[PDB]
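In structure tokens, the next block holds one chain alone, the form deposited in one PDB entry.
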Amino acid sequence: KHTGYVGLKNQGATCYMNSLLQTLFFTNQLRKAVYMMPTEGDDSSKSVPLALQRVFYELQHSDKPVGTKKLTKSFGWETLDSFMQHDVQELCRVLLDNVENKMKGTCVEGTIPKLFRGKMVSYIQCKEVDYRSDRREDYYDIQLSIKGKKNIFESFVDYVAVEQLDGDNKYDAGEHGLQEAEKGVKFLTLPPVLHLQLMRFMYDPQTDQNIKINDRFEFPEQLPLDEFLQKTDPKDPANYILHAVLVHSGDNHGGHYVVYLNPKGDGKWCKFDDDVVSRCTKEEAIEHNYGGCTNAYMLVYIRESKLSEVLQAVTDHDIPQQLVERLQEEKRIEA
């Protein structure tokens, strides 16, 4: 613990979970809200809220590597298969929807959407008939296409690019028949905490297989996103600071997962390799994970205007006495 930070017990079958837990743990405002959840009546093994409270508590207090057994147990993913068949954002939705449900009716209701939810609009516009379809969506995460793209900017460019629906890919416009159309996405808001997964896998139609992309893909320390909003705010530009880089090395049937974090948002990074946390260069965290067998697959950015609120200090006093008492008894039960 000479970095000041403690690790989690060896990933084993749990894959990218440890990576995500450190990422969520250092989303300080989330952690604080998780501690405020009223778990007093919950079961010590089947409540996900309580097991996440306990992991966060141990990450904050333990000098030894922290275990996740009760947490994996609590949501029912106890096999290499359960982790392998899902992606990291699905695990994140599992944890965060469990937590946001428990916060309903409390002083911390709305924490999850406050931090992580943004708003987009999808459209289809017919060019030759007066028909348009609009769909407003919430999103908690973005999946960016990387194949052929050099950087995050070009992925965003591609994400909001307008597609023509013509030829064989005519839009079915109902009573208007098959119609030539455009479709696009536009962002209306970007969240305080921006979760970007990079599409390191895709089905490719020419080869007829799901392909891994191991190409170089560059991501900045500072990400300006005003270009991609439908209306920018001059009082609050969408400027983003890189907080976390989740990385995989090696085999597509196992391999190894690590996360690089700069917890305070200050450009001083550590590598979290399960039980070993170590100081690292910025270059190790960022450039050396660009690729092109060691691939970044998830980036977390925090908005500059929200940085001090999201990464507010947490002290031991910020954990409710009820919960400390519970978790201390639940540690005495372990001896």
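Throughout, rigid core stands for the largest set of C-alpha atoms superposing within 1.5 Å between the two forms. Start at 1 with the first residue shown and count on from there.
Compared with the other entries of this protein, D204 is frequently left unbuilt, missing from a third or more of those that build its neighbours. According to the PDB entry, the deposited sequence contains 4 to 9 residues between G292 and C293 that lack coordinates.
The PDB entry records a higher mean C-alpha B factor for 200-208 than for its counterpart among 216-224 and 200-208. Comparing the deposited coordinates for 22-30 and 268-276, the stretch with the larger average C-alpha B-factor is 268-276. Of all the options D141, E90, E100, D236, the entry's greatest CA B-factor is assigned to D236. Across the residues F187, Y131, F156, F116, the deposited record lists the maximum Cα B factor for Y131. Among the modelled residues of the chain, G174 sits in the middle third by CA temperature factor in this PDB entry. In the PDB entry, a CA B factor belonging to the middle third of its chain's modelled residues is recorded for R136.
The PDB entry assigns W77 a C-alpha temperature factor belonging to the highest third of its chain's modelled residues. When all modelled residues of the chain are sorted by CA temperature factor, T281 is found within the middle third. In this PDB entry, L327 carries a Cα temperature factor that places it within the highest third of its chain's modelled residues.
Just so you know, the form deposited in another entry exists too; it's not on screen, but the next bit is about it.
The residue among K212, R216, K264, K127 whose Cα moves by 2 angstroms or more between the shown form and the other one, once the core is superposed, is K212.
Taking 2 Å as the criterion, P234 does not count as shifted between the shown form and the other one: its C-alpha moves by less than this amount when the rigid core is aligned. Taking the rigid core as fixed, one finds a CA shift for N169 of 2 Å or more between the shown form and the other one.
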